[PDB]
Amino acid sequence: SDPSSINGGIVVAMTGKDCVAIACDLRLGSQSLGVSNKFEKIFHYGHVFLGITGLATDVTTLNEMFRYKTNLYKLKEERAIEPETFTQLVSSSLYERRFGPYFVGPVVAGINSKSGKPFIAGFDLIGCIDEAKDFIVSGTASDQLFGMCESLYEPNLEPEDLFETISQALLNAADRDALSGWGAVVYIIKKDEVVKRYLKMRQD
Amino acid sequence: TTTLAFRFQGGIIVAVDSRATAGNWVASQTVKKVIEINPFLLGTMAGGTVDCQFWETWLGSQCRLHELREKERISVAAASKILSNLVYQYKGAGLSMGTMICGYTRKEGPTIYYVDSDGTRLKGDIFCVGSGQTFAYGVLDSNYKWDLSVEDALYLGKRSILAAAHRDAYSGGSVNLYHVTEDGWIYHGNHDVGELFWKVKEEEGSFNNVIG
Amino acid sequence: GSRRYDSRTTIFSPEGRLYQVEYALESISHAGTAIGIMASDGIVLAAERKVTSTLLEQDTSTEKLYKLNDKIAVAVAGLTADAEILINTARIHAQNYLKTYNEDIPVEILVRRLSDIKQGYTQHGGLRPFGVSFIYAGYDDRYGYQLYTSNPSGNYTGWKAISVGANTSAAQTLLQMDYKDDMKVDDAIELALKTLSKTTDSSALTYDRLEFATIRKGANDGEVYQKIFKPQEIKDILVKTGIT
Amino acid sequence: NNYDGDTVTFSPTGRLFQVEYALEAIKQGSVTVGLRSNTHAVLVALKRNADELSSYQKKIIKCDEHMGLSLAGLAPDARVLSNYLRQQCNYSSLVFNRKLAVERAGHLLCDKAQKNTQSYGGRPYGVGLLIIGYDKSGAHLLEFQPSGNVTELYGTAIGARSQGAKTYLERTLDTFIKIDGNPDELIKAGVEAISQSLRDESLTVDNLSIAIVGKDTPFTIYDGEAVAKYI
Amino acid sequence: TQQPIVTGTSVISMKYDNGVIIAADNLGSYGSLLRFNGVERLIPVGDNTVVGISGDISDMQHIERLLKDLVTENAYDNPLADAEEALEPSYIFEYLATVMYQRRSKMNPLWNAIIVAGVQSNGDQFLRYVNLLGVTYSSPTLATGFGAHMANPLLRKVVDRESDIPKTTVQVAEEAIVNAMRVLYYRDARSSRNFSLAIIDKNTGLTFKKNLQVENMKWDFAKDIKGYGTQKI
Amino acid sequence: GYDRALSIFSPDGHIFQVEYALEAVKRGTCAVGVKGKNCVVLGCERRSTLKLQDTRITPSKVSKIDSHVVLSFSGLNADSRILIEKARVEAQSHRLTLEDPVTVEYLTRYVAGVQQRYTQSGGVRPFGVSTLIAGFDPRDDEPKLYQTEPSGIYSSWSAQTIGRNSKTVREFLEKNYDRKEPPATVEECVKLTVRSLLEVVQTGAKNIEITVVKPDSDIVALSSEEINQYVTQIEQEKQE
Amino acid sequence: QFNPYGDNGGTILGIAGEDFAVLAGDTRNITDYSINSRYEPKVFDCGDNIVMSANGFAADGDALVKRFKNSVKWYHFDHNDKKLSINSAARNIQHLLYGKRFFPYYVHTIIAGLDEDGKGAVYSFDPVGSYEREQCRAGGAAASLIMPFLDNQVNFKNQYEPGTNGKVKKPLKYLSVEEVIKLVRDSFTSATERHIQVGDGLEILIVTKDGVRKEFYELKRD
Amino acid sequence: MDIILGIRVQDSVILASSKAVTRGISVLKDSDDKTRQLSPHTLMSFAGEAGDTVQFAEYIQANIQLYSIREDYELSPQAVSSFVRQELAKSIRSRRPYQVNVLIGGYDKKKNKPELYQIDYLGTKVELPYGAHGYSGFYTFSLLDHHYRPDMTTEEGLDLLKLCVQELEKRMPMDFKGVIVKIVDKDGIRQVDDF
Amino acid sequence: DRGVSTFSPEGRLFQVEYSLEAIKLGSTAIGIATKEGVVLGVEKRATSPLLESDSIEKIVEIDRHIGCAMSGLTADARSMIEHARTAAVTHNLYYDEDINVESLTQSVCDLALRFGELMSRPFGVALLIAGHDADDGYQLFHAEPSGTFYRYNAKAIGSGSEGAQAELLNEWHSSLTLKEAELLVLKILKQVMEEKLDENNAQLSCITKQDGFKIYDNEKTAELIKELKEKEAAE
Ligand SMILES: [Mg+2]
Ligand SMILES: [Mg+2]
């Protein structure tokens, strides 16, 4: 019934020293029924990464939409969109459906190509921006992710340390949520290289 | 209501009852539940209302316009789909309809299409629609063969309506028979259930439960 | 009433021609020459900017060669402003198709769409046609490398090598003479620049009076790269081919 | 000349040529006569045929039980205006349970015809109408021109050679106005009036068309052998 | 769809030999609050018609303006506006009836019960009813709201059928009406003592009586009534 | 919106815009249609003023409306695309509602209806296009060939040509086509179609396109070499 | 909440003879337990030898009758004063009713007259336009009290010929206009006794080739 | 309607779809084919609310057939599935949404690979080795999880499908009157007439 | 230029008068009304021998009791026929009866003047509408683009109209049989046609109360042509 918790899933993003990390589980379900273990919730438009939790048809629709918009942005601007600008675009796009919204919990992550500054942001379904320094959480296990991140996180982590933190935050949160899990992916993002790691986790 | 229609060697038999009720009150015993769309097409009326009357006489207007433009008899497939596409536009509004569009053309042969106010459109060999459909289905299924004679097929349809008219409280009055051939439908009379019941009981030896 | 002042843009002449289309084509004949040449391993787009100034900021300037998506580019001949209206429409169609089918739009489908828009302005609406001719250079996995052209009438055709704008008669003869089917991109680059060098109304062909682009499979493995040449890069290729 | 290309253009002398050309179409049309007394009102119309095989074009149209008109000019325009009258007569009856006054019916026709003369794109109506009726203030006869000018009269005529019938009625004014409670004699005066506009041809059985409305007489049209009595 | 706010109660009326009488009290209630004591609910149209209106007062004021506008419109291009082509009761009613039914059919009714009383051109008595549903009916006696339940029974003892109309004089008819208004004051918890009465006669014309009061009331017997059963003191 | 009446009558009772649309057809490349006993063939001219063309991708002159019907044309190319698109949509719409593909006559009647509508609609000019619509009705082995034109009139033909120098090739067909015995085979029909184009075309190289349509959705376009063999055989017989 | 419908009571009765037709209806108009009018005409002459009554919610009934009468008028204008046949009128009424299929005229409509062969005809309509030609039809409040009586006394249902004992039915002999009017009056007298909404007066309209005639009869006023 | 299954094997896609059509209390038909051929190498099975199912299926069919004629080219199964998803995603926020779930089984002639897509009425697309809609997955997925291999032959796929249907016939309350099975491969679409 | 709905100084609509000139250029169509039926006949006028003449449809059915023949810009008639067929069928749906021939004709003629700056120009086609109803019996109407329609006992429209009408003037009487009318149409068509009349370049049709509207077979018409030749050679 509740659109945001039919399909389930989670996304978490963190900042580190000269790097950001974004991670998601792979589950798509129809309430109790597990349907797919390959439903990735993180997408990217150039060097800007977008995680999207919530209703899966909208996750897909919004990805396709932001691809559409960032492609036209690039053709006209003659440059790739930045995380700060994209965040505003996401907020704009969500609020234009103020009285008929996409049931989603987007999360932006990326490094500004010019300043080199790590950036993360989160939104509610209606477009309100949550720009946190430390971390952003989203999905059916957001309470669990808040609890994990709040205790596990410490500022200025190196990329390979940040990976361990965000991975353990996601995994242990998803294991306390019936509608999350079935695999997980973690992106480690630096100014000019990105490493994508699939995690081994319990498949129930 | 009880309406049936079935394909066989000799074409199509259409049989209907005649009762119309508003709650427990019997409003009419002389209702025509077979629409004569045109001389080659028939439609049944189950569903509760004017909806079948209104929209199937309208269907006759569309079939006439078709053969004026195309200089060719409309197919049973096309005719039934004109109706199903129409009621599908009205889906949700509250139309109440359950009909068999029956016809016999060159390219198709004898054809029956069940059309529904939910938008359902099914081709088939035997259909039964109404509050007394289950009773009619019992007699049909146990006695149906493709190689029935026009005489026996007509009787089977009549007897199947009678079976429903007896048990189903909201069916009865009288039985209307039709026989659809390639050269058009042929009316086979109005049969009062009251008289038909005793006639059938005696001649057939059935309804031994009932005292006559 | 208003009828008195109506030019009636969408009518036939007694001969069966569309006045405005014919006059729009006359307009395009005064525009800078644009050339497209299709090779086996890529496409070349070469185009001449019209009598420029020394104070014109060339590196940020774009009047001839535009990008529709990652696979398809166009060369413009005519009113730049009119072209940009159509270009934005084309860019949107490519994205709509991508959103719908989750596949990059085939070149011909995009070309047909734009050409159909142009056609509409010649048949209805009472507005003047777009005074623009395009050369479409593109690639898809069905037909591979493709060259097209469309004009204000809305008619489009396919080409191995083609010119639009000024001196197309002279340009098309020179291309027809030196073009071959087994030709390569580096050879086509040379032909394109040699053709413009001979057909130009200027005294000499220099880097500041040119826009240049190549669509190559010369991208790392099975994929396609668009290269819009920079002023310094156009200057280099002019020396390499031995024109300056 | 230069000012007759459309209805929206005044001439230098202040004329509307398109309206005057529409007025001309009435003069080309067949003659029709209107006249009334204090009890009854009568329409007499000379119908026109295309040839000997053809029928005679109907000239009289009923608008209500107590109102109707005769036409002269473009028949399709008379059909449009008569239909409009039928609706207004009907609106009055349905909404107000009230028979539409003949004077008010004229006001409506005037205003409808006017809008066609002031706007670009449209054209004036190419027909003249003679509306007769019996309402709460007795018998009435109106003359409608497509310029917009509607005029209440005792008697009149419009169409080709209508001047002859109009002069006759002007002489007979004091006689026919007094024909009260006698429909046949009032029609006779109308048939005698329209006869002044005839040349070469005479009033035959399928040529003549007569309509009447009065105190205890609904608007009824007479054609064929019904008018043989008056020939 | 709305709910009535400021309301007017019963309108009562009856035919007599030469015309019609209509009456209605001068109260504008606000629920149980007897808010407005100076509200005229009989609205004369010309010299031959009086429209009595009960129910929502804001909608009454709207209808009042429609009628005022109707008179203006009727005078336009009408030399006989004060003679043969003057507004009839039957015209005024049919107009209102059309509006009432149209409004109910748009699910946005004028929350009223209206009685049009008048005398026609030919001297005929006109008395017809219409309400928020657009339901219309005519009768020798007509009454709205509580009047329907209490006034009609009394008025029907005077004119029980059509043949009793010529036998009923204006003095007998007015007496019956005034008595009915007293009965309603006794028994209707949303009525007032002050009322207006209108007589439309084919001979003497329209007589409009304002500031009338219910009088000759019986209350003395109340002193003897004590307790609710067993109490003696 | 633009409401101007472009197509209107003249004092002599002519609609010049419809007649000037026919002049655009006269300018267009020649198209020919010949129906045999069990096939129809659509021949089309390709003007050789345009070389360095890419014949793979260049719009072909014959277009499939459905799997069983084809449409060729003469006149404004851009205009033809609009009629083809509408026809293709109507073909699918007919299948969707009637549960049966369009008859060649019906599809023709539709396209002709569109063309007519543009001759008395405000703010639009007529199509500068005449079409040849050919094919076979569903479950029918009788060949069908129809012609339309800007005015909106349409009719059936045993054989017909439209476009530039169509007067000449119609002259040829009128003497060479026998109604009592039409081209019995595919070869005979194609041969007669190529022969008729060779009266006008110039060179029989890449200037002739041939498309053969047979019953039960059997449509195929002939290649250069296949057509070139017909061109060779025709002229070798002619040298006598 | 605003309820756009109401129930004005009343009862109507149509009977088709061999060369005539009658459409009767009581003249009482009511709401709840109150009488609005003891004489409010319900059956109307609509012209062209057709009589009509739309029983139920009086506002919708009056609207429908008004619109049908209007339809007769425009039929004459549009089709050269052609007489509207009873079967054509019936079909026209179906469309008037079905036009408001999703906000119905809350009435049970009956019309009566003569068919094109001069025989008696009665047509019966439900609120949304389903209709049928019938020999006999009571409508409205006391319809359930009248129809069974008519099945028995007009169509001779359940009646058999004495001596045969259920073997031979009573023959369906034709009823005269005087015989029908007796059954109409006894139906309404009986209905008045047992139904509170029926009474005051009975108005019958009789349709023949000669035209429409009216007959009024008193009913009990309690 | 009720049960629709799908399984992608080595060189083909197999779609099973029930034959029963129940309207209320009676089974009106026991031979209903709940599928439409969108293109020569693409098949779509469907289940959902009455009327909407066929109306949608035929609408998609017409659009793909229109594309096939216009371009003289068959769209890839992926492209068709993306088109279908978008229509359903558009549908869900309409005045009256299509209540239709579909499986799109196709063979991509370019990649020489079978492909099975599962799309629900919300527009939720997933590419799968095997899929189902409604309560079908609850019974069958445990068997498919156990037995499925990506390199299965078409004959092995059918045997695994029979085991699924048997489990449905055993444990489901509703009688779905068996299934019509169809195979989609490089040679096109064909029906297994004995099952 | 000038308005489409402009009046000339004589009081005529330019466009309507010009559309009448287009009708004069059209092929001949003839109608003859009798008490046994109404006969409609047309000149097909194929522009080439390769044009399959049976596909030339200038006679058309509107309903079972109403037929129609056309002359002029025949493409314009398709929408008029569509409206007529819809009007006939619609009226039957509303009133459970056949529609009067005059009422049908009036409905068609209402379209005529719906042009301006609605359609952009008048129709360039005239119609001979023939039919039967119970009120006025057998009827023949001539519907123009002016919006006016005349009833006729007999009427010819098209290029040979005034010549044919003069012939119909002499030949028509109120006691014609159907067979006499059939030959009379064939006689007058043959007179005004450029090419020699046969069963392939001319078409006959009729409307009777019993059988309704029927287009004649080329075999049936051929016999009537042969019957005509013999009776003209007979004196
Ligand atoms: Mg689990
Ligand atoms: Mg029963």
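Residues numbered from 1 in each chain as written, not as in the entry; some residues may be left out. Chains lettered and ligands numbered in written order. Part of a larger assembly, values for the part shown. Heavy atoms only, no water.

Header annotation of the entry names X-ray crystallography as the structure determination method and lists the resolution as 3.10 Å.

**Overview of the state of the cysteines**
So the rule is basically this: The disulfide definition used here is simple: a pair of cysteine sulfur atoms within 2.5 Å.
Counted by the stated rule, this structure contains zero disulfides over all chains. This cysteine, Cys128 of chain A, is not joined by any disulfide, and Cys149 of chain A carries the nearest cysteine sulfur, 19 Å off. The thiol of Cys206 of chain I is not disulfide-bonded; the next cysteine sulfur, from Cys68 of chain I, is found 15 Å away.

**A short note on the nonpolar core**
Note the following rule: Residues grouped as a nonpolar core are buried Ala, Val, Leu, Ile, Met, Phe, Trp, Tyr and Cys residues, joined through side-chain atoms within 4.5 Å. Relative accessibility decides the category of a residue: with a 1.4 Å probe and only protein chains considered, values under 20% of the type maximum give buried, values over 50% give exposed, and everything between is partly exposed.
With 52 residues, the main nonpolar core has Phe86 and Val108 of chain A together with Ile7 of chain H as its most contacted residues. Counting 48 residues, the second-largest nonpolar core is a separate cluster that includes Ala24 and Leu142 of chain E together with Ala63 and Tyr105 of chain G.

**Examining the arrangement of the chains**
Counted only if it meets this: Two residues qualify as a contact provided that any one of their heavy atoms is within 4.5 Å of a heavy atom in the partner residue.
In this assembly, 17 pairs of chains are in contact, and the pair contributing the most contacts is chains C and F. Kept free of each other, chain A and chain G leave a smallest C-alpha distance of 28 Å between them. One finds no contact linking chain F with chain G; the least C-alpha distance across the pair is 26 Å.

**Some words on the coordination of the magnesium ion (ligand 2)**
Residues and elements named next belong to chain B. Condition: Coordinating donors are taken as N, O and S atoms within 2.8 Å of the metal, stretched to 3.2 Å for Na, K and Ca; because water is absent from the atoms, sites can appear incomplete.
For the magnesium ion (ligand 2), the protein coordination sphere consists of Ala165 (O), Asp168 (O) and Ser171 (O), at 2.1 to 2.7 Å. Mapping the donors of the magnesium ion (ligand 2) onto the primary sequence gives the spacing A-x2-D-x2-S. Owing to a relative accessible area of 10%, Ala165 belongs among the buried residues under this scheme.

**Description of the environment of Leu127 of chain C**
All names here are of chain C. Here is the rule: The way it works is that DSSP assigns letters per residue, a run of H or I at least four long becomes a helix, a run of E at least two long becomes a strand, and they are numbered from the N terminus.
Mapped onto the elements of the fold, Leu127 is located in the loop between α3 (107-123) and β5 (132-140). Note on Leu127: relative accessible area 47%, which makes it partly exposed. Separated by 117 residues in sequence, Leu127 and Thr10 have C-alpha atoms that sit 7.7 Å apart. Ignoring anything within four residues of it in the chain, the contact list for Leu127 reads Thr9, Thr10 and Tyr121.

**Focus on the sheet that holds strand β1 (residues 4-8) of chain H**
All names here are of chain H. Rule in force here: Criterion used throughout: strands pair if DSSP finds at least two bridges between them. Geometry is summarised by axes, namely lines fitted to C-alpha atoms with helices restricted to the contacting stretch, and by angles between N-to-C directions that run from 0 to 180 degrees.
Ordered in space as β10-β1-β2-β11-β12, the five strands form an open sheet in which the pairing is antiparallel. Of all the strands in the sheet, just β10 (130-132) and β12 (188-192) have a single pairing partner and so form its edges. Averaged over neighbouring strand pairs, the angle between their axes works out to 15° when direction is ignored. Relative to β12, strand β11 (residues 179-185) runs antiparallel, the two being bridged by five bridges. Bridging from a neighbouring strand, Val184 pairs with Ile189 of β12. Running over the sheet, helix α4 (residues 154-171) touches β1, β2 (12-18), β11 and β12 and is turned about 25° from β2.

**Describing the interface of chain F and chain C**
Convention followed: By convention, the term buried area covers the 1.4 Å-probe accessible surface removed from two parts as they join, with the contributions of both added. Note on definitions: salt bridges are taken to be side-chain nitrogens of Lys or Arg within 4 Å of carboxyl oxygens of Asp or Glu. Pairing of N or O atoms within 3.5 Å defines a polar contact, subject to two protein rules: one partner must be a possible hydrogen donor and the other a possible acceptor, and residues neighboring in sequence count only if both atoms are side-chain atoms. In this count, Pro and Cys sit with the nonpolar residues alongside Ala, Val, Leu, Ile, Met, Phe, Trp and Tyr, while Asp, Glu, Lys and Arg are called charged and the others, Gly among them, polar.
Taken together, the contact pairs 31 residues of chain F with 40 residues of chain C. The junction of chain F with chain C conceals about 3,000 Å² of combined surface from both sides, 55% of it contributed by carbon and sulfur atoms. The interface formed by chain F and chain C holds two salt bridges in total. The interface formed by chain F and chain C includes 15 residue pairs in polar contact. Mapped by element, the contributors of at least two residues to the side of chain F that touches chain C are α1 (16-27) and α2 (77-98) of chain F. Ranked by residue count, the leading element in the side of chain F that touches chain C is α1 of chain F, at six residues. Residues of the side of chain F that touches chain C, tallied by class, amount to 16 nonpolar, six polar and nine charged.

**So, unusual backbone geometry**
Phi is positive for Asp200 of chain D, close to 65°, though the residue is something other than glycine. Structurally, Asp200 of chain D can be placed in the loop between α5 (183-194) and β9 (208-214). When its relative accessible area of 87% is taken as the criterion, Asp200 of chain D is described as exposed. Of note in this structure, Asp72 of chain H is not a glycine but carries a positive phi near 50°. Considering the arrangement of structural elements, one finds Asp72 of chain H in the loop between α1 (52-71) and α2 (77-92).

**Details of helix α4 (residues 177-194) of chain G**
An α-helical segment advances 3.6 residues per turn. Residues three or four places apart therefore align on the same side. To be explicit about the condition: Expected helix span is taken as 1.5 Å per residue step, with the number of steps being one fewer than the number of residues.
The terminal C-alpha atoms of α4 of chain G lie 26 Å apart, and with 18 residues this matches the ideal 26 Å at 1.5 Å per residue to within 8%. Looking at the buried side of α4 of chain G, the elements it contacts are β1 (11-16), β2 (21-26), α3 (143-153), β11 (201-208) and β12 (211-218) of chain G.

**Brief notes about the sheet that holds strand β5 (residues 125-133) of chain I**
Residues and elements named next belong to chain I. What the five strands build is an open sheet, ordered β3-β4-β5-β6-β7; its pairing is antiparallel. Unpaired on one side and paired on the other, β3 (59-63) and β7 (149-152) mark the two borders of the sheet. Adjacent strand axes in the sheet meet at a mean angle of 25° when their direction is disregarded. Relative to β5, strand β4 (residues 66-72) runs antiparallel, the two sharing seven bridges. Bridging across to β5, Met70 finds its partner in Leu127.

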